[PDB]
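Trainee: Got a structure for you, target.txt, holding compact mmCIF, N, CA and C atoms and all ligand atoms.
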```
# COMPACT_ATOMS: atom_id res chain seq x y z
N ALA A 1 -2.87 1.56 -18.51
CA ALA A 1 -4.20 1.61 -19.10
C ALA A 1 -5.17 0.77 -18.26
N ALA A 2 -5.30 1.16 -17.00
CA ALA A 2 -6.18 0.46 -16.09
C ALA A 2 -6.04 1.06 -14.69
N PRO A 3 -6.94 0.60 -13.78
CA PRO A 3 -6.93 1.08 -12.40
C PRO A 3 -5.76 0.46 -11.62
N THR A 4 -5.09 -0.47 -12.27
CA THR A 4 -3.96 -1.14 -11.64
C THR A 4 -4.41 -1.88 -10.38
N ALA A 5 -3.50 -1.95 -9.42
CA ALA A 5 -3.78 -2.62 -8.16
C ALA A 5 -4.70 -1.73 -7.31
N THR A 6 -5.88 -2.26 -7.03
CA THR A 6 -6.84 -1.53 -6.22
C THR A 6 -7.64 -2.49 -5.34
N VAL A 7 -7.98 -2.01 -4.16
CA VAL A 7 -8.74 -2.81 -3.21
C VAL A 7 -10.20 -2.89 -3.67
N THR A 8 -10.79 -4.05 -3.47
CA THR A 8 -12.18 -4.27 -3.85
C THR A 8 -13.06 -3.13 -3.33
N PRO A 9 -13.03 -2.96 -1.98
CA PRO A 9 -13.82 -1.92 -1.34
C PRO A 9 -13.19 -0.54 -1.57
N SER A 10 -13.59 0.40 -0.72
CA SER A 10 -13.07 1.76 -0.82
C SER A 10 -12.74 2.29 0.57
N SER A 11 -13.67 2.08 1.49
CA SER A 11 -13.48 2.53 2.86
C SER A 11 -12.39 1.70 3.55
N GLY A 12 -11.20 1.75 2.97
CA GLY A 12 -10.08 1.01 3.51
C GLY A 12 -9.91 1.27 5.01
N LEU A 13 -10.51 2.37 5.45
CA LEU A 13 -10.44 2.74 6.85
C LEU A 13 -11.27 1.75 7.68
N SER A 14 -10.87 0.49 7.61
CA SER A 14 -11.56 -0.55 8.34
C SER A 14 -10.55 -1.40 9.13
N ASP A 15 -10.81 -1.52 10.42
CA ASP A 15 -9.93 -2.29 11.29
C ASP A 15 -9.40 -3.50 10.52
N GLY A 16 -8.22 -3.32 9.94
CA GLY A 16 -7.59 -4.39 9.17
C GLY A 16 -8.62 -5.12 8.30
N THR A 17 -9.13 -4.40 7.32
CA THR A 17 -10.11 -4.96 6.41
C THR A 17 -9.44 -5.90 5.40
N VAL A 18 -9.97 -7.11 5.32
CA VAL A 18 -9.44 -8.10 4.41
C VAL A 18 -10.28 -8.12 3.13
N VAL A 19 -9.60 -7.90 2.01
CA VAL A 19 -10.27 -7.90 0.72
C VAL A 19 -9.29 -8.35 -0.36
N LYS A 20 -9.73 -8.23 -1.61
CA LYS A 20 -8.90 -8.62 -2.73
C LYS A 20 -8.50 -7.38 -3.53
N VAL A 21 -7.24 -7.35 -3.93
CA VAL A 21 -6.73 -6.23 -4.69
C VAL A 21 -6.37 -6.69 -6.10
N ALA A 22 -7.18 -6.25 -7.06
CA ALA A 22 -6.97 -6.62 -8.45
C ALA A 22 -6.04 -5.59 -9.10
N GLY A 23 -5.03 -6.11 -9.79
CA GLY A 23 -4.07 -5.25 -10.46
C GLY A 23 -4.15 -5.43 -11.98
N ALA A 24 -4.95 -4.57 -12.60
CA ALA A 24 -5.13 -4.62 -14.04
C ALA A 24 -4.10 -3.70 -14.71
N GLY A 25 -3.33 -4.29 -15.62
CA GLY A 25 -2.31 -3.54 -16.33
C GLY A 25 -1.12 -3.24 -15.42
N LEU A 26 -1.00 -4.04 -14.37
CA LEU A 26 0.09 -3.88 -13.42
C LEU A 26 1.32 -4.63 -13.94
N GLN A 27 2.04 -5.23 -13.00
CA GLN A 27 3.24 -5.98 -13.34
C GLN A 27 2.92 -7.04 -14.39
N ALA A 28 3.04 -6.65 -15.65
CA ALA A 28 2.76 -7.55 -16.75
C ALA A 28 3.68 -8.78 -16.64
N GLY A 29 3.24 -9.73 -15.83
CA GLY A 29 4.00 -10.95 -15.63
C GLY A 29 5.15 -10.72 -14.64
N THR A 30 5.22 -9.50 -14.14
CA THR A 30 6.25 -9.14 -13.18
C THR A 30 5.78 -9.41 -11.76
N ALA A 31 6.62 -9.02 -10.81
CA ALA A 31 6.30 -9.22 -9.40
C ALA A 31 6.88 -8.06 -8.58
N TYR A 32 6.19 -7.75 -7.50
CA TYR A 32 6.63 -6.67 -6.62
C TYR A 32 6.20 -6.93 -5.18
N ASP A 33 6.31 -5.89 -4.36
CA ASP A 33 5.95 -5.99 -2.96
C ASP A 33 4.67 -5.18 -2.71
N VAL A 34 3.59 -5.90 -2.46
CA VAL A 34 2.31 -5.27 -2.21
C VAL A 34 2.28 -4.75 -0.77
N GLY A 35 1.69 -3.57 -0.61
CA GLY A 35 1.59 -2.95 0.70
C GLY A 35 1.03 -1.53 0.60
N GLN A 36 0.53 -1.04 1.72
CA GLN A 36 -0.03 0.29 1.77
C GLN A 36 1.02 1.30 2.22
N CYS A 37 1.57 2.01 1.25
CA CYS A 37 2.59 3.01 1.53
C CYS A 37 1.96 4.40 1.37
N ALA A 38 2.49 5.34 2.13
CA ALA A 38 2.00 6.71 2.08
C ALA A 38 2.74 7.56 3.11
N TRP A 39 2.56 8.87 2.99
CA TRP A 39 3.21 9.79 3.90
C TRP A 39 2.59 9.61 5.29
N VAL A 40 3.40 9.07 6.20
CA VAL A 40 2.94 8.84 7.56
C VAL A 40 3.34 10.02 8.43
N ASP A 41 4.59 10.44 8.28
CA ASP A 41 5.10 11.55 9.05
C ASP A 41 4.80 12.86 8.32
N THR A 42 5.51 13.91 8.71
CA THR A 42 5.32 15.21 8.10
C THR A 42 5.73 15.17 6.63
N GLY A 43 4.86 14.59 5.82
CA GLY A 43 5.12 14.49 4.39
C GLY A 43 6.21 13.45 4.11
N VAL A 44 6.50 12.65 5.13
CA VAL A 44 7.52 11.62 5.00
C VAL A 44 6.87 10.33 4.51
N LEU A 45 7.28 9.91 3.32
CA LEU A 45 6.75 8.70 2.72
C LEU A 45 7.14 7.50 3.59
N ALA A 46 6.16 6.99 4.32
CA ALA A 46 6.38 5.85 5.19
C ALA A 46 5.42 4.72 4.81
N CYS A 47 5.96 3.52 4.77
CA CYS A 47 5.16 2.35 4.42
C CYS A 47 4.74 1.66 5.71
N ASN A 48 3.65 0.90 5.61
CA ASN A 48 3.13 0.18 6.76
C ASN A 48 3.95 -1.09 6.97
N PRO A 49 3.82 -1.66 8.20
CA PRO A 49 4.54 -2.88 8.54
C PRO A 49 3.89 -4.10 7.87
N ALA A 50 2.69 -3.88 7.35
CA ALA A 50 1.96 -4.95 6.68
C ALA A 50 1.95 -4.69 5.17
N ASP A 51 2.80 -3.76 4.76
CA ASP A 51 2.90 -3.41 3.35
C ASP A 51 3.89 -4.35 2.66
N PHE A 52 4.26 -5.40 3.38
CA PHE A 52 5.20 -6.37 2.84
C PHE A 52 4.48 -7.68 2.49
N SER A 53 4.05 -7.76 1.24
CA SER A 53 3.36 -8.94 0.76
C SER A 53 3.61 -9.13 -0.73
N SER A 54 4.65 -9.89 -1.04
CA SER A 54 5.01 -10.16 -2.42
C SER A 54 3.75 -10.21 -3.28
N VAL A 55 3.91 -9.81 -4.53
CA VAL A 55 2.80 -9.80 -5.47
C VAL A 55 3.32 -10.10 -6.88
N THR A 56 2.43 -10.62 -7.71
CA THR A 56 2.78 -10.95 -9.08
C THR A 56 1.56 -10.85 -9.98
N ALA A 57 1.73 -10.13 -11.08
CA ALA A 57 0.65 -9.95 -12.04
C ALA A 57 0.87 -10.87 -13.23
N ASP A 58 -0.22 -11.45 -13.71
CA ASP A 58 -0.16 -12.35 -14.84
C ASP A 58 0.35 -11.59 -16.07
N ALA A 59 0.85 -12.35 -17.03
CA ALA A 59 1.37 -11.76 -18.25
C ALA A 59 0.44 -10.63 -18.70
N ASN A 60 -0.83 -10.78 -18.37
CA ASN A 60 -1.83 -9.79 -18.73
C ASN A 60 -1.90 -8.73 -17.63
N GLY A 61 -0.75 -8.45 -17.04
CA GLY A 61 -0.68 -7.46 -15.97
C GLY A 61 -1.85 -7.60 -15.01
N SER A 62 -2.13 -8.84 -14.64
CA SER A 62 -3.22 -9.13 -13.72
C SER A 62 -2.67 -9.56 -12.36
N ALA A 63 -2.61 -8.60 -11.45
CA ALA A 63 -2.10 -8.87 -10.11
C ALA A 63 -3.28 -8.90 -9.13
N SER A 64 -3.91 -10.06 -9.05
CA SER A 64 -5.04 -10.24 -8.15
C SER A 64 -4.56 -10.79 -6.81
N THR A 65 -4.06 -9.89 -5.98
CA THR A 65 -3.56 -10.27 -4.67
C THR A 65 -4.52 -9.80 -3.58
N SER A 66 -4.74 -10.67 -2.60
CA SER A 66 -5.63 -10.35 -1.50
C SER A 66 -4.82 -10.13 -0.22
N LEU A 67 -5.21 -9.10 0.52
CA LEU A 67 -4.53 -8.77 1.76
C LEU A 67 -5.48 -7.97 2.66
N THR A 68 -4.99 -7.65 3.85
CA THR A 68 -5.78 -6.89 4.80
C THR A 68 -5.26 -5.45 4.90
N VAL A 69 -6.21 -4.52 4.90
CA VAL A 69 -5.86 -3.12 4.99
C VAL A 69 -5.75 -2.71 6.46
N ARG A 70 -4.55 -2.89 7.00
CA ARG A 70 -4.30 -2.55 8.39
C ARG A 70 -3.88 -1.09 8.51
N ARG A 71 -4.88 -0.22 8.44
CA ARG A 71 -4.63 1.21 8.54
C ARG A 71 -3.81 1.52 9.80
N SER A 72 -4.05 0.73 10.83
CA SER A 72 -3.35 0.91 12.09
C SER A 72 -2.11 0.01 12.13
N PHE A 73 -1.00 0.60 12.56
CA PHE A 73 0.25 -0.13 12.65
C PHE A 73 1.44 0.82 12.73
N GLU A 74 2.62 0.24 12.86
CA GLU A 74 3.84 1.02 12.95
C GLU A 74 4.41 1.28 11.55
N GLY A 75 4.35 2.54 11.15
CA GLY A 75 4.85 2.94 9.84
C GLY A 75 6.36 3.20 9.89
N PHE A 76 6.97 3.17 8.72
CA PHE A 76 8.40 3.41 8.61
C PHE A 76 8.73 4.30 7.41
N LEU A 77 9.48 5.35 7.68
CA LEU A 77 9.87 6.29 6.64
C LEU A 77 10.72 5.56 5.60
N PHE A 78 10.57 5.97 4.35
CA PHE A 78 11.32 5.37 3.26
C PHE A 78 12.77 5.86 3.26
N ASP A 79 12.98 6.97 3.95
CA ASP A 79 14.31 7.55 4.03
C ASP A 79 15.26 6.55 4.70
N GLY A 80 14.80 6.01 5.82
CA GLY A 80 15.60 5.04 6.56
C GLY A 80 15.12 4.94 8.01
N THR A 81 14.51 6.02 8.47
CA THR A 81 14.00 6.07 9.84
C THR A 81 12.57 5.53 9.90
N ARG A 82 12.18 5.11 11.09
CA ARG A 82 10.85 4.57 11.30
C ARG A 82 9.99 5.56 12.09
N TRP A 83 8.71 5.58 11.76
CA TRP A 83 7.77 6.47 12.42
C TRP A 83 6.92 5.63 13.38
N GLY A 84 5.79 5.16 12.86
CA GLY A 84 4.89 4.35 13.65
C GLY A 84 3.43 4.74 13.38
N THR A 85 3.08 5.93 13.83
CA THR A 85 1.72 6.43 13.65
C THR A 85 0.74 5.60 14.47
N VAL A 86 0.68 4.32 14.15
CA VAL A 86 -0.22 3.41 14.85
C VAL A 86 -1.59 3.45 14.18
N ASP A 87 -1.96 4.63 13.70
CA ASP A 87 -3.24 4.80 13.04
C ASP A 87 -3.06 5.71 11.82
N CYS A 88 -3.12 5.09 10.65
CA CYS A 88 -2.97 5.82 9.40
C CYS A 88 -4.35 6.30 8.95
N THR A 89 -4.99 7.07 9.83
CA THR A 89 -6.31 7.60 9.53
C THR A 89 -6.20 9.06 9.09
N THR A 90 -5.03 9.64 9.31
CA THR A 90 -4.80 11.02 8.94
C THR A 90 -4.29 11.11 7.50
N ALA A 91 -3.18 10.42 7.26
CA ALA A 91 -2.58 10.41 5.93
C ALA A 91 -3.17 9.25 5.12
N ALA A 92 -3.71 9.60 3.97
CA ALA A 92 -4.30 8.60 3.09
C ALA A 92 -3.26 7.54 2.75
N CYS A 93 -3.57 6.31 3.11
CA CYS A 93 -2.67 5.20 2.85
C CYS A 93 -3.00 4.63 1.47
N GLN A 94 -1.97 4.54 0.64
CA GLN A 94 -2.13 4.02 -0.71
C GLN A 94 -1.74 2.54 -0.75
N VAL A 95 -2.73 1.71 -1.06
CA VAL A 95 -2.50 0.28 -1.14
C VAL A 95 -2.04 -0.08 -2.55
N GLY A 96 -0.78 -0.46 -2.65
CA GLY A 96 -0.21 -0.83 -3.94
C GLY A 96 1.11 -1.58 -3.75
N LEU A 97 1.73 -1.91 -4.88
CA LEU A 97 2.99 -2.63 -4.86
C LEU A 97 4.12 -1.67 -5.24
N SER A 98 5.32 -2.01 -4.79
CA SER A 98 6.49 -1.19 -5.09
C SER A 98 7.34 -1.86 -6.17
N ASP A 99 7.99 -1.03 -6.96
CA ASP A 99 8.83 -1.52 -8.04
C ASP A 99 10.28 -1.60 -7.55
N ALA A 100 11.06 -2.42 -8.24
CA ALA A 100 12.45 -2.60 -7.89
C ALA A 100 13.30 -1.56 -8.63
N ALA A 101 12.62 -0.56 -9.16
CA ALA A 101 13.30 0.50 -9.89
C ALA A 101 13.50 1.70 -8.97
N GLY A 102 12.56 1.86 -8.04
CA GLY A 102 12.62 2.96 -7.09
C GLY A 102 11.54 4.00 -7.39
N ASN A 103 10.36 3.50 -7.73
CA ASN A 103 9.24 4.37 -8.05
C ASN A 103 7.98 3.82 -7.38
N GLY A 104 7.00 4.70 -7.24
CA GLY A 104 5.73 4.33 -6.62
C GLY A 104 4.55 4.75 -7.50
N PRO A 105 4.45 4.10 -8.68
CA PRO A 105 3.38 4.39 -9.62
C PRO A 105 2.06 3.79 -9.14
N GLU A 106 2.16 2.60 -8.57
CA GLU A 106 0.98 1.91 -8.06
C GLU A 106 0.72 2.30 -6.61
N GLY A 107 -0.56 2.31 -6.26
CA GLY A 107 -0.96 2.67 -4.91
C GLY A 107 -2.26 3.47 -4.91
N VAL A 108 -3.31 2.82 -4.42
CA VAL A 108 -4.62 3.46 -4.37
C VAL A 108 -4.88 3.96 -2.94
N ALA A 109 -5.05 5.27 -2.83
CA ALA A 109 -5.30 5.89 -1.54
C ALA A 109 -6.63 5.36 -0.98
N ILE A 110 -6.54 4.24 -0.29
CA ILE A 110 -7.71 3.62 0.30
C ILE A 110 -7.97 4.24 1.68
N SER A 111 -9.23 4.21 2.08
CA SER A 111 -9.63 4.76 3.37
C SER A 111 -11.12 5.11 3.36
N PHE A 112 -11.49 5.94 2.40
CA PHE A 112 -12.88 6.35 2.27
C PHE A 112 -13.22 6.69 0.82
N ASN A 113 -14.25 6.03 0.31
CA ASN A 113 -14.68 6.25 -1.06
C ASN A 113 -14.88 7.75 -1.29
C1 LIG B 1 4.68 6.59 -3.08
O1 LIG B 1 3.72 5.53 -2.88
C2 LIG B 1 4.02 4.23 -2.52
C3 LIG B 1 3.12 3.23 -2.78
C4 LIG B 1 3.36 1.91 -2.42
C5 LIG B 1 2.31 0.90 -2.76
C6 LIG B 1 4.54 1.56 -1.79
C7 LIG B 1 4.77 0.24 -1.44
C8 LIG B 1 5.95 -0.08 -0.79
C9 LIG B 1 6.92 0.90 -0.52
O2 LIG B 1 8.09 0.48 0.13
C10 LIG B 1 6.73 2.25 -0.94
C11 LIG B 1 7.88 3.12 -1.07
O3 LIG B 1 8.89 2.92 -0.39
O4 LIG B 1 7.92 4.30 -1.95
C12 LIG B 1 9.23 4.77 -2.42
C13 LIG B 1 10.01 3.60 -3.03
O5 LIG B 1 11.45 3.73 -2.82
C14 LIG B 1 9.75 3.70 -4.55
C15 LIG B 1 9.25 5.08 -4.74
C16 LIG B 1 9.09 5.75 -3.59
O6 LIG B 1 10.10 6.76 -3.49
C17 LIG B 1 5.50 2.57 -1.54
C18 LIG B 1 5.20 3.89 -1.91
```
Output the file's structure as structure tokens, nothing else.
Mentor:
Amino acid sequence: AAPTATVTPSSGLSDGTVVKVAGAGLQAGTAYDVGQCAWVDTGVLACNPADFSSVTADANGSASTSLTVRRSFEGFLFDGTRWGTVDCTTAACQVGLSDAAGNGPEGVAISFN
């Protein structure tokens, strides 16, 4: 019941744009791994190398974590293989945290409003 973890701005397509990501109704007192994950390869769900940033939302599911949106970088497929891309300007990169359950409910496709 909220926008969850989302970057302040919208045009995430900014040379490693540093902003704050507020997570409303997110990990209600829980914690996860914040990062921009998305299909990097041919529909292959690959996370960025900077998508590794522990996160924790207050009991009020308030995960106000700040990080940089490094659209450019070496992506890695979730399957097990690594891609790279270098520039995640093609596939919308979703900035969010991952659950320890094996799901990707959180993640805002940042890049362009
Ligand atoms: C699908 O979208 C995202 C979004 C964010 C923020 C993500 C943040 C970190 C990630 O490592 C992933 C990811 O690996 O997605 C997999 C994972 O095993 C759980 C469900 C998916 O199958 C991810 C996927």
Trainee: Would you compute the distance between atom C of residue 7 (chain A) and atom C of residue 26 (chain A)? Give it in Å to one decimal.
Mentor: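 Between atom C of residue 7 (chain A) and atom C of residue 26 (chain A) the gap is 15.5 Å.
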Trainee: Could you pull out the residues sitting within 8 Å of ligand LIG 1 (chain B), using only N, CA and C atoms and all ligand atoms, and write them as a PyMOL selection string?
Mentor: chain A and resi 33-39+45-48+51-52+76-79+93-108
Trainee: Which residues come within 9 Å of residue 60 (chain A), counting only C-alpha atoms, excluding same-chain residues fewer than 5 positions away, as a compact mmCIF listing (two decimals) with N, CA and C atoms, in the frame of the given file?
Mentor:
```txt
# COMPACT_ATOMS: atom_id res chain seq x y z
N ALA A 24 -4.95 -4.57 -12.60
CA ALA A 24 -5.13 -4.62 -14.04
C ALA A 24 -4.10 -3.70 -14.71
N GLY A 25 -3.33 -4.29 -15.62
CA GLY A 25 -2.31 -3.54 -16.33
C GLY A 25 -1.12 -3.24 -15.42
N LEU A 26 -1.00 -4.04 -14.37
CA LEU A 26 0.09 -3.88 -13.42
C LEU A 26 1.32 -4.63 -13.94
N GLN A 27 2.04 -5.23 -13.00
CA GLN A 27 3.24 -5.98 -13.34
C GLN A 27 2.92 -7.04 -14.39
N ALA A 28 3.04 -6.65 -15.65
CA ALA A 28 2.76 -7.55 -16.75
C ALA A 28 3.68 -8.78 -16.64
N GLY A 29 3.24 -9.73 -15.83
CA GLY A 29 4.00 -10.95 -15.63
C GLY A 29 5.15 -10.72 -14.64
```
Trainee: Which value, in Å to one decimal, gives the distance between CA of residue 71 (chain A) and CA of residue 58 (chain A)?
Mentor: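 CA of residue 58 (chain A) lies at a distance of 27.4 Å from CA of residue 71 (chain A).
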Trainee: Please return, as a PyMOL selection string, all residues of chain A that DSSP assigns to strand (DSSP E) on the basis of the backbone.
Mentor: chain A and resi 4-7+17-24+31-39+45-47+53-56+65-69+74-77+82-85+93-98+108-110
Trainee: Using only C-alpha atoms, can you tell me which of A:30, A:85, A:90, A:10 comes closest to residue 63 (chain A)?
Mentor: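 Among A:30, A:85, A:90, A:10, it is A:30 that comes nearest to residue 63 (chain A).
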Trainee: Skipping near chain neighbours, those fewer than 4 positions away, what residues fall within 6 Å of residue 86 (chain A) using only C-alpha atoms, listed as an MDAnalysis selection string?
Mentor: chainID A and resid 72:74
Trainee: Could you please determine the separation between atom N of residue 65 (chain A) and atom C of residue 4 (chain A) in Å, to one decimal place?
Mentor: 9.1 Å
Trainee: Find the spatial neighbours of residue 13 (chain A), counting only C-alpha atoms, within a cut-off of 8 Å - ignore same-chain residues fewer than 4 positions away - and output them as a list in words.
Mentor: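 Surrounding residues, per the criterion: residues 17, 69, 71, 89, 110, 111 and 112 of chain A.
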Trainee: Which residue gives the smallest distance to residue 6 (chain A) among A:66, A:18, A:23, A:40, with all atoms listed in the file counted?
Mentor: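 Among A:66, A:18, A:23, A:40, it is A:23 that comes nearest to residue 6 (chain A).
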Trainee: Which residue out of A:75, A:22, A:87, A:81 has the minimum interatomic distance to residue 62 (chain A) when only N, CA and C atoms are used?
Mentor: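 Among the listed residues, the smallest separation from residue 62 (chain A) belongs to A:22.
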Trainee: Identify which of the residues A:12, A:84, A:43, A:3 lies closest to residue 109 (chain A), counting all atoms listed in the file when measuring atom-to-atom distances.
Mentor: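 Nearest candidate to residue 109 (chain A) out of A:12, A:84, A:43, A:3: A:12.
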Trainee: Would you save region 22-36 of chain A from the block above with N, CA and C atoms, as a tab-separated table (two decimals), in the first residue's frame?
Mentor:
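So out.tsv came out as:
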```tsv
chain	number	residue	atom	x	y	z
A	22	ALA	N	13.23	6.30	-1.01
A	22	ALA	CA	12.32	6.10	0.10
A	22	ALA	C	11.48	4.84	-0.16
A	23	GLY	N	11.42	3.99	0.85
A	23	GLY	CA	10.66	2.76	0.75
A	23	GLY	C	9.47	2.76	1.71
A	24	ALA	N	8.33	3.20	1.20
A	24	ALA	CA	7.12	3.26	2.00
A	24	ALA	C	6.35	1.94	1.85
A	25	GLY	N	6.08	1.32	2.99
A	25	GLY	CA	5.36	0.06	3.01
A	25	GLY	C	6.25	-1.09	2.52
A	26	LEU	N	7.55	-0.86	2.61
A	26	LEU	CA	8.52	-1.86	2.19
A	26	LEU	C	8.77	-2.83	3.34
A	27	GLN	N	10.02	-3.25	3.46
A	27	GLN	CA	10.41	-4.18	4.51
A	27	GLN	C	10.01	-3.63	5.87
A	28	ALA	N	8.79	-3.98	6.28
A	28	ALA	CA	8.27	-3.53	7.56
A	28	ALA	C	9.21	-4.00	8.68
A	29	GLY	N	10.25	-3.22	8.90
A	29	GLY	CA	11.22	-3.54	9.93
A	29	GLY	C	12.21	-4.61	9.44
A	30	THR	N	12.01	-5.02	8.20
A	30	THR	CA	12.87	-6.03	7.60
A	30	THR	C	14.08	-5.38	6.93
A	31	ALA	N	14.87	-6.21	6.27
A	31	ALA	CA	16.05	-5.73	5.58
A	31	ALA	C	16.28	-6.57	4.32
A	32	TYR	N	16.86	-5.92	3.32
A	32	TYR	CA	17.14	-6.59	2.06
A	32	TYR	C	18.36	-5.99	1.37
A	33	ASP	N	18.54	-6.35	0.11
A	33	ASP	CA	19.66	-5.85	-0.67
A	33	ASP	C	19.15	-4.88	-1.73
A	34	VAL	N	19.46	-3.61	-1.52
A	34	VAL	CA	19.04	-2.57	-2.45
A	34	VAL	C	19.96	-2.59	-3.67
A	35	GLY	N	19.35	-2.38	-4.83
A	35	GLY	CA	20.10	-2.37	-6.08
A	35	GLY	C	19.15	-2.29	-7.28
A	36	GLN	N	19.72	-1.88	-8.41
A	36	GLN	CA	18.95	-1.76	-9.63
A	36	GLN	C	19.06	-3.03	-10.46
```
